[PDB]
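In: Just need the structure, nothing else, for what follows:
(7 chains, ligands or ions: 99)
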Amino acid sequence: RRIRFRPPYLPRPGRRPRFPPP
Amino acid sequence: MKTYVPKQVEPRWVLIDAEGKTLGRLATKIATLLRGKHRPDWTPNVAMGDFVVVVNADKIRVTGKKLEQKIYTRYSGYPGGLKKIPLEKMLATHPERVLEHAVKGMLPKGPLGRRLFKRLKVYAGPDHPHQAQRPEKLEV
Amino acid sequence: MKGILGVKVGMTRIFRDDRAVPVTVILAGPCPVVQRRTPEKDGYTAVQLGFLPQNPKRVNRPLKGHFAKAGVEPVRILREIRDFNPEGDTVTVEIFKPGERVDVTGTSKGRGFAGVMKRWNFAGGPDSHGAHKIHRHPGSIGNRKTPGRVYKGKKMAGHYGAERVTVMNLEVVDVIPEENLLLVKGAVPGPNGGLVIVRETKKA
Amino acid sequence: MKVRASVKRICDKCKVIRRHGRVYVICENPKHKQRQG
Amino acid sequence: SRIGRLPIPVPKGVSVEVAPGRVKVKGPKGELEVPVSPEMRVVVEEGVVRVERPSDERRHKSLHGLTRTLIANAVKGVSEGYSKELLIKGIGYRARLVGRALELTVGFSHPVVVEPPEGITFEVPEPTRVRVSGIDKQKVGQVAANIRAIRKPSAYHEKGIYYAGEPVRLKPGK
RNA sequence: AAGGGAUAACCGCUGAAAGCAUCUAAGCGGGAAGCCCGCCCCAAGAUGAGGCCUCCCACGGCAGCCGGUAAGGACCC
RNA sequence: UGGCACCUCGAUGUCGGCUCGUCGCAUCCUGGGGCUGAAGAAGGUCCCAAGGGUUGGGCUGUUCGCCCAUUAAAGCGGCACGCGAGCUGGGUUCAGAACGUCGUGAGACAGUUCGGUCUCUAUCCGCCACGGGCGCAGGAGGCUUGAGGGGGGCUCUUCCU
Ligand SMILES: [Mg+2]
Ligand SMILES: [Mg+2]
Ligand SMILES: [Mg+2]
Ligand SMILES: [Mg+2]
Ligand SMILES: [Mg+2]
Ligand SMILES: [Mg+2]
Ligand SMILES: [Mg+2]
Ligand SMILES: [Mg+2]
Ligand SMILES: [Mg+2]
Ligand SMILES: [Mg+2]
Ligand SMILES: [Mg+2]
Ligand SMILES: [Mg+2]
Ligand SMILES: [Mg+2]
Ligand SMILES: [Mg+2]
Ligand SMILES: [Mg+2]
Ligand SMILES: [Mg+2]
Ligand SMILES: [Mg+2]
Ligand SMILES: [Mg+2]
Ligand SMILES: [Mg+2]
Ligand SMILES: [Mg+2]
Ligand SMILES: [Mg+2]
Ligand SMILES: [Mg+2]
Ligand SMILES: [Mg+2]
Ligand SMILES: [Mg+2]
Ligand SMILES: [Mg+2]
Ligand SMILES: [Mg+2]
Ligand SMILES: [Mg+2]
Ligand SMILES: [Mg+2]
Ligand SMILES: [Mg+2]
Ligand SMILES: [Mg+2]
Ligand SMILES: [Mg+2]
Ligand SMILES: [Mg+2]
Ligand SMILES: [Mg+2]
Ligand SMILES: [Mg+2]
Ligand SMILES: [Mg+2]
Ligand SMILES: [Mg+2]
Ligand SMILES: [Mg+2]
Ligand SMILES: [Mg+2]
Ligand SMILES: [Mg+2]
Ligand SMILES: [Mg+2]
Ligand SMILES: [Mg+2]
Ligand SMILES: [Mg+2]
Ligand SMILES: [Mg+2]
Ligand SMILES: [Mg+2]
Ligand SMILES: [Mg+2]
Ligand SMILES: [Mg+2]
Ligand SMILES: [Mg+2]
Ligand SMILES: [Mg+2]
Ligand SMILES: [Mg+2]
Ligand SMILES: [Mg+2]
Ligand SMILES: [Mg+2]
Ligand SMILES: [Mg+2]
Ligand SMILES: [Mg+2]
Ligand SMILES: [Mg+2]
Ligand SMILES: [Mg+2]
Ligand SMILES: [Mg+2]
Ligand SMILES: [Mg+2]
Ligand SMILES: [Mg+2]
Ligand SMILES: [Mg+2]
Ligand SMILES: [Mg+2]
Ligand SMILES: [Mg+2]
Ligand SMILES: [Mg+2]
Ligand SMILES: [Mg+2]
Ligand SMILES: [Mg+2]
Ligand SMILES: [Mg+2]
Ligand SMILES: [Mg+2]
Ligand SMILES: [Mg+2]
Ligand SMILES: [Mg+2]
Ligand SMILES: [Mg+2]
Ligand SMILES: [Mg+2]
Ligand SMILES: [Mg+2]
Ligand SMILES: [Mg+2]
Ligand SMILES: [Mg+2]
Ligand SMILES: [Mg+2]
Ligand SMILES: [Mg+2]
Ligand SMILES: [Mg+2]
Ligand SMILES: [Mg+2]
Ligand SMILES: [Mg+2]
Ligand SMILES: [Mg+2]
Ligand SMILES: [Mg+2]
Ligand SMILES: [Mg+2]
Ligand SMILES: [Mg+2]
Ligand SMILES: [Mg+2]
Ligand SMILES: [Mg+2]
Ligand SMILES: [Mg+2]
Ligand SMILES: [Mg+2]
Ligand SMILES: [Mg+2]
Ligand SMILES: [Mg+2]
Ligand SMILES: [Mg+2]
Ligand SMILES: [Mg+2]
Ligand SMILES: [Mg+2]
Ligand SMILES: [Mg+2]
Ligand SMILES: [Mg+2]
Ligand SMILES: [Mg+2]
Ligand SMILES: [Mg+2]
Ligand SMILES: [Mg+2]
Ligand SMILES: [Mg+2]
Ligand SMILES: [Mg+2]
Ligand SMILES: [Zn+2]
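Out: Residues are numbered from 1 along each chain as shown, chains lettered A, B, ... in the order given. Ligands and ions are numbered 1, 2, ... in the order given. Structure as follows:
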């Protein structure tokens, strides 16, 4: 049980797909 | 000149009265009989040792407080599945396991070591079924 | 330590001292003894009982012979009661007397491939508030990297039922020897028609 | 029974006993009975 | 200072034959086998049994005295006999004899009946006095102990099963 | 659960070293929802592959192969 | 709570909840005890004990906490502060908007506020189930021993005395 509030290290997914490539 | 290797040899059946013998120290000897390492033609890659019959295992002997304190242990694979069974109880329920489990541990691991174990025939009480093999008595 | 083969026929209830008594009815006798197990010969003690008659046209030769040797006409089913040596060469329901208490084994109804909820009364999912396609799913099954694996016996969906269940300490409410009927109070594994075993109870 | 890592006599009547690989202190006054732990 | 060295008077006529690991003591009250260390030597002189330690090593000095007393006791037992008396104090409490056996009445919702083990004789002179009589010292003090335990002496009241010659030490209650 | 058994802390019987005392060094008791067993279920791949009952049997040609069977078995319904 | 900066920045998804649990014991309860400034009942304190148990509701994202009604008890902790290829997404990382504050300004805040895309397909190990094959020195049909495992293990009220 940790008090010092634990910030996220990561952004909640997610934005966009690299569609397409052809 | 290449080292000698035995052709197939017919294995000697040896018999040992365990009564009153110091468990572990009997155990090392049985292993050497088992591996074949008393034989001058010993070869590490084949079952060329003796068949050892032990009798009177119930009457194995042991130093210190091991009767009450040595704990044989079995793991089931389940949660909370460690079984701790103390030497007293073991002898009290499957006395032949005591010497067996001692000897097992002092043979090699591997397939051959496992086969060597199969050549150890251990019994509680004075008598054993291998009359057919006319086992040779050993004092060790 | 008596026992007997029998088929489950059904339930009703009877009235006894102004009370409804749910009962299962079991056709028990008559079961001819067809082998005995002895410590000299077998290493332990029990009767092999036969039960329900069989068309000898269906009895293969190895079996016909076993029956033969025991001087007994063919039977559908053979099952041993353990540590029981009846005086006679036939066990019937007479060996139970109303008021005795017994245990009954039978084979439970199959439920087939059952989910975690029917099998193990898991709590399943929410059905709203956002629950995404998990409403009868088992939830988590594990930890993380430690221990990084799943327990043996982790409760899970699988086959369920069509197993041996022994239900214990049921009251014999009545026995009807004219018909080989046993009325045990309460409920017994298996479908009406299932085969059951009735043994004298161990709970004391 | 007092249980501690210092068991000693308390009164003149106290008596240190060593019993089954443990050090107790028995005495006629029950308050003084000690085991070590 | 020494118990092993003191000799054991053997009254006429109790037999004391010695075998390895035991001495057998027979007398007018019956017999008793005494298990004894192989390490000690039990010596039978005229109407005296003596015991001898092999050295002055700690184990032996300890084994020494114990051995004497055990044989010494066995002797006294098969001759004189051994006993402990139990007093019963407390108001409603009293004991009577049922056949061979002891029935205790001590404040419970029931009596407590006590079986004589092999070799023990219960005797209830008054109803508030019980006598544990036997040939085995150890066995007697045992059964005695047991009976007493059925209702120990209270800490506040003179009440419960007492040993004859047991000090009534009580404490205040308010 | 009952019940049996062995134990924990704890309480003891007998008892020296240490003439007294000591539950301990010899030995013996009592003592937990806990431990072993007992209950219920699985289980001989328990390759250490167990046991009992019954059935078939010495079939043709050159610890091997081929063919027709035996007791049984599978296929199909 | 920190220190350090050792794998991992060609990604180890992070609060809380839900679900499923499993373990430790420094035990909340229930069993067994010693001492008590223990008359009784009740309770203090320590020892043994992890088998089982350990409630429902209001507040708030909250964990925590407070509170209501109970209770034998309403235990504390570990498992990537267990568990997002299991769900959630209330909270804390983006883009919008506003308040207080700071900045001339663009903007900013371990402040506040409303809103804000969570990915059908399991190769392997692991797990739950079910078969196929071969083996168990002759081939067969039945019936079994149980090595070894697994399951279970709670507790209250009243009355008699
Ligand atoms: Mg040699
Ligand atoms: Mg070589
Ligand atoms: Mg055995
Ligand atoms: Mg190696
Ligand atoms: Mg059945
Ligand atoms: Mg179905
Ligand atoms: Mg399901
Ligand atoms: Mg269910
Ligand atoms: Mg349901
Ligand atoms: Mg629910
Ligand atoms: Mg639901
Ligand atoms: Mg919902
Ligand atoms: Mg969604
Ligand atoms: Mg849905
Ligand atoms: Mg691992
Ligand atoms: Mg099925
Ligand atoms: Mg009727
Ligand atoms: Mg039905
Ligand atoms: Mg101090
Ligand atoms: Mg002093
Ligand atoms: Mg004293
Ligand atoms: Mg003399
Ligand atoms: Mg001399
Ligand atoms: Mg019990
Ligand atoms: Mg006992
Ligand atoms: Mg004494
Ligand atoms: Mg002194
Ligand atoms: Mg001792
Ligand atoms: Mg005992
Ligand atoms: Mg003891
Ligand atoms: Mg006692
Ligand atoms: Mg219980
Ligand atoms: Mg089976
Ligand atoms: Mg079975
Ligand atoms: Mg088999
Ligand atoms: Mg194995
Ligand atoms: Mg077989
Ligand atoms: Mg740090
Ligand atoms: Mg680094
Ligand atoms: Mg870092
Ligand atoms: Mg780092
Ligand atoms: Mg990184
Ligand atoms: Mg990559
Ligand atoms: Mg990578
Ligand atoms: Mg990646
Ligand atoms: Mg990962
Ligand atoms: Mg992940
Ligand atoms: Mg937990
Ligand atoms: Mg735990
Ligand atoms: Mg503790
Ligand atoms: Mg308590
Ligand atoms: Mg207390
Ligand atoms: Mg009180
Ligand atoms: Mg008071
Ligand atoms: Mg008071
Ligand atoms: Mg204490
Ligand atoms: Mg204590
Ligand atoms: Mg617990
Ligand atoms: Mg727990
Ligand atoms: Mg709430
Ligand atoms: Mg409301
Ligand atoms: Mg809250
Ligand atoms: Mg709200
Ligand atoms: Mg907030
Ligand atoms: Mg708060
Ligand atoms: Mg209370
Ligand atoms: Mg709560
Ligand atoms: Mg995580
Ligand atoms: Mg956690
Ligand atoms: Mg987490
Ligand atoms: Mg998580
Ligand atoms: Mg997710
Ligand atoms: Mg989460
Ligand atoms: Mg995950
Ligand atoms: Mg993952
Ligand atoms: Mg899920
Ligand atoms: Mg919000
Ligand atoms: Mg949000
Ligand atoms: Mg925004
Ligand atoms: Mg605003
Ligand atoms: Mg402003
Ligand atoms: Mg500011
Ligand atoms: Mg400004
Ligand atoms: Mg300004
Ligand atoms: Mg910045
Ligand atoms: Mg909206
Ligand atoms: Mg927001
Ligand atoms: Mg997702
Ligand atoms: Mg979604
Ligand atoms: Mg796919
Ligand atoms: Mg796969
Ligand atoms: Mg893998
Ligand atoms: Mg198979
Ligand atoms: Mg198959
Ligand atoms: Mg069949
Ligand atoms: Mg057998
Ligand atoms: Mg078993
Ligand atoms: Mg295995
Ligand atoms: Zn003192």
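In: Residue E:90: neighbour count?
Out: Neighbour count for residue E:90, taken as other C-beta atoms under 10 Å in any protein chain shown: 18. Just so you know, the C-beta spots here come from the backbone N, C-alpha and C atoms, and that holds for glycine as well.
In: Hmm, I typed the wrong one, I wanted residue B:127.
Out: Neighbours around residue B:127, by other C-beta under 10 Å: 9.
In: Tell me how many other residues crowd the residue nearest to it when sequence neighbours are not counted.
Out: Leaving aside its sequence neighbours, residue B:127 sits nearest to residue B:55 (C-beta to C-beta, 6 or more residues apart in numbering or on different chains; 6.9 Å). For residue B:55, the neighbour count with other C-beta under 10 Å is 21.
In: which stretch of helix or strand covers residue B:117?
Out: Per DSSP states H and E: residue B:117 is located in helix B:111-118.
In: got the contact list for that helix?
Out: With contacts defined as C-beta atoms under 8 Å, 6 or more residues apart in numbering or on different chains, helix B:111-118 is touched by B:34, B:35, B:45, B:46, B:47, B:49, B:103, B:104, B:107, B:108.
In: and which of the residues you listed is nearest RNA strand G?
Out: Comparing the contacts of helix B:111-118 against RNA strand G with C-beta to the nearest atom of the strand places residue B:104 closest, at 14.1 Å.
In: quick one: contacts for that closest one?
Out: Here residue B:104 is in contact with residue B:117 (criterion: C-beta under 8 Å, 6+ apart).
In: check which helix or strand covers it.
Out: Going by DSSP H and E, residue B:104 is in helix B:95-106.
In: in that helix, what counts as buried?
Out: B:95, B:96, B:97, B:98, B:99, B:100, B:102, B:103, B:104, B:106 (16 or more other C-beta atoms under 10 Å in any protein chain shown).
In: So what angle separates the directions of it and helix B:111-118?
Out: 150 degrees (axes from the mean of the first three to the mean of the last three C-alpha atoms, to 10 degrees).
In: Is helix B:95-106 in proximity to RNA strand G?
Out: No: applying C-beta under 7 Å from any atom of the strand, one finds helix B:95-106 separated from RNA strand G by no less than 7.8 Å.
In: and the residue of chain A found nearest ligand 99, how many neighbours?
Out: Per C-beta to the ion, residue A:1 is where chain A lies closest to ligand 99, at 45.9 Å. Neighbour count for residue A:1, taken as other C-beta under 10 Å: 2.
In: Who are the contact partners of whatever residue of chain B ends up closest to ligand 15?
Out: Among the residues of chain B, residue B:77 lies nearest to ligand 15; the distance is 13.1 Å by C-beta to the ion. For residue B:77, the contacting residues are residue C:152, by C-beta under 8 Å, 6+ apart.
In: secondary structure class for residue C:169?
Out: strand (DSSP: H, G, I helix; E, B strand; the rest coil).
In: residue of chain A with the smallest distance to chain B?
Out: residue A:1 (24.8 Å; C-beta to the nearest C-beta).
In: Roughly how far does that residue sit from residue C:145?
Out: Relative to residue C:145, residue A:1 is positioned 21 Å away (C-beta to C-beta, to the nearest Å).
In: Give the burial count for the nearest residue to residue C:39 once chain neighbours are set aside, as a bare number.
Out: Leaving aside its chain neighbours, residue C:39 sits nearest to residue C:45 (6.0 Å; criterion: C-beta to C-beta, 6+ apart). Neighbour count for residue C:45, taken as other C-beta under 10 Å: 15.
In: how near is residue C:45 to residue C:183?
Out: 29 Å.
In: want to throw the buried residues of helix B:95-106 into TSV with distance to residue C:27?
Out: Listed next are those as TSV, based on distance: C-beta to C-beta, whole Å:
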residue	distance to residue C:27
B:95	49
B:96	48
B:97	48
B:98	52
B:99	55
B:100	51
B:102	57
B:103	57
B:104	54
B:106	61
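In: Residue C:101 pairs with what?
Out: In this entry, residue C:101 is beta-bridged to residue C:171, by DSSP bridges.
In: Spell out which parts of chain D neighbour ligand 99.
Out: Residues of chain D lying near ligand 99 by C-beta under 5 Å from the ion: D:10, D:11, D:13, D:14, D:27, D:29, D:32.
In: now those residues: which count as buried?
Out: By 16+ other C-beta under 10 Å, these give D:14, D:27, D:32 as buried.
In: check contacts around the second one.
Out: Contact criterion C-beta under 8 Å, 6+ apart gives D:9, D:10, D:11, D:13, D:14, D:15, D:33 as the residues in contact with residue D:27.
In: Now do the same for the first one: helix, strand or coil?
Out: With three-state DSSP as the basis, residue D:9 sits in coil.
In: How about residues contacting the top strand by length along chain E?
Out: For chain E, the longest strand by residue count, based on DSSP state E, is strand E:82-89. Residues from elsewhere that reach strand E:82-89 (C-beta under 8 Å, 6+ apart): E:73, E:76, E:94-95, E:104, E:106, E:127-137, E:140-141, E:144, E:147-148, E:153, E:158-164, E:166, E:168.
In: Check which helix or strand the most centrally placed residue in chain D maps to.
Out: Nearest residue to the geometric centre of chain D (C-alpha atoms, centre = their mean): residue D:25, 2.0 Å. Element membership for residue D:25 (DSSP H and E) is strand D:22-26.
In: helix or strand right after that strand?
Out: According to DSSP H and E, the helix or strand after strand D:22-26 is strand D:34-36.
In: What is that following strand packed up against?
Out: For strand D:34-36, the contact count by 3 or more C-beta pairs under 8 Å, 6 or more residues apart in numbering or on different chains; DSSP states H and E identifies strand D:2-4, strand D:22-26 as packing neighbours.
In: With distance to RNA strand F added, can I get the ones you listed in CSV?
Out: As requested, those are arranged in CSV below (distance: least, C-beta to the nearest atom of the strand, whole Å):
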stretch, distance to RNA strand F
strand D:2-4, 7
strand D:22-26, 6
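In: most tightly surrounded among those strands?
Out: For these, the largest average neighbour count (mean count of other C-beta atoms under 10 Å in any protein chain shown) is found in strand D:22-26, namely a mean of 15.
In: strand partners of the longest strand of chain E, parallel vs antiparallel please.
Out: Short version: by DSSP bridges, strand E:82-89 pairs with strand E:129-134 (antiparallel), strand E:160-163 (antiparallel).
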